[PDB]
Structures are given as C-alpha cells and as structure tokens.
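Below, each chain spelled out in residue letters.
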Amino acid sequence: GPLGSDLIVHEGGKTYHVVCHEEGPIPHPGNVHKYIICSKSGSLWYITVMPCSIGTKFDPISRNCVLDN
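A few points on the structure. (Residues numbered from 1 in each chain as written, not as in the entry; some residues may be left out. Heavy atoms only, no water.)

### With respect to the pairing of strand β3 (residues 24-27)
The pairing of β3 with strand β4 (residues 34-41) spans four bridges and is classified as antiparallel. Bridge assignment links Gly24 to a residue of β4, and that residue is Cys38. In this antiparallel pair of consecutive strands, β3 and β4, the connection spans six residues. (Pairing = 2+ DSSP bridges. Helix = DSSP H or I, 4+ residues; strand = E, 2+ residues; numbered from the N terminus.)

### Quick word on the state of the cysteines
For the coordinates displayed, the defined rule picks out two disulfides. Residue pairing for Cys20: its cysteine sulfur links by disulfide to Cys38, the two sulfurs lying 2.0 Å apart. Measuring handedness by torsion sign, the sulfur bridge of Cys20 and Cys38 sits at about -70° and is left-handed. You can see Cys20 sitting in the loop between β2 (14-19) and β3 and its partner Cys38 sitting in strand β4, a full 18 residues away along the chain. The exposure class of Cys38 is buried, given its relative accessible area of 3%. (Disulfide = S-S within 2.5 Å. Buried < 20%, exposed > 50% of the residue type's maximum accessible area, 1.4 Å probe, protein only.)

### A word on the environment of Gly4
You can see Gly4 is positioned in the segment before β1 (6-11). Overall, the relative accessible area of 29% leaves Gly4 in the partly exposed class. Taking the C-alpha atoms as reference points, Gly4 and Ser41, 37 residues apart in sequence, are found 11 Å from one another.

### Side note on the sheet that holds strand β5 (residues 44-51)
The three strands are arranged β3-β4-β5 in an open sheet whose pairing can be described as antiparallel. Both edges of this open sheet fall to β3 and β5, since each of them pairs with a single strand only. If you compare each strand with its neighbour and ignore which way they point, the axes differ by 25° on average. (Axes fitted to C-alpha atoms, helices over the stretch in contact; angles between N-to-C directions.)

### Details of unusual backbone geometry
With a phi angle near 70°, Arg63 is a residue other than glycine that sits in the positive phi range. Relative to the assigned elements, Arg63 resides in the loop between β6 (56-59) and β7 (64-67).

### A few points about the side chain of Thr56
Looking at the secondary structure, you find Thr56 in strand β6. Judged by its relative accessible area of 18%, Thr56 is buried. Among the polar contacts listed, one links the side chain of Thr56 to the backbone oxygen of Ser53, at a separation of 2.7 Å. Leaving out residues up to four positions away in the same chain, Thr56 has contacts with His33, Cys65, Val66, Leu67 and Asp68. (Polar contact = N/O pair within 3.5 Å; in protein donor to acceptor, adjacent residues only side chain to side chain. Contact = heavy atoms within 4.5 Å.)

Structure representation (structure tokens):
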C-alpha cells in the first residue's frame, strides 16, 4: 500500500489527518506543538510526526520551533 497522501493520527483521542504537500518539516494541523517530517524516497513519500519541546510551537515556513508566547 503506497498510500502517502494522508496518514491518520490521534491527538488527545481525536483523529487527525496528516498530509504532505512539500518535502520538508511542517507543523501539525490540529496541534502545532507537534510537527511532521515529510521526506521523499525516490517517488515515494515517507512521513513522521514528532513532537517539539513544550512551550514552543513549530512554524511551516520557518521550519523550526518558535516560542509560543
């Protein structure tokens, strides 16, 4: 199953979808406290949802975690 359009995850019990439009790390739609790394493997997409440090949030364009304040 080479389905890489969108993977489903659970944020606080609730289901959310993760979709990658570009190759690179982007925040999590539901909760920006987490982000997903979108990587290309030839013509296949691999995604991984990692949480950032508490107190900070991930930015899509900057591609890093900024202080949520």
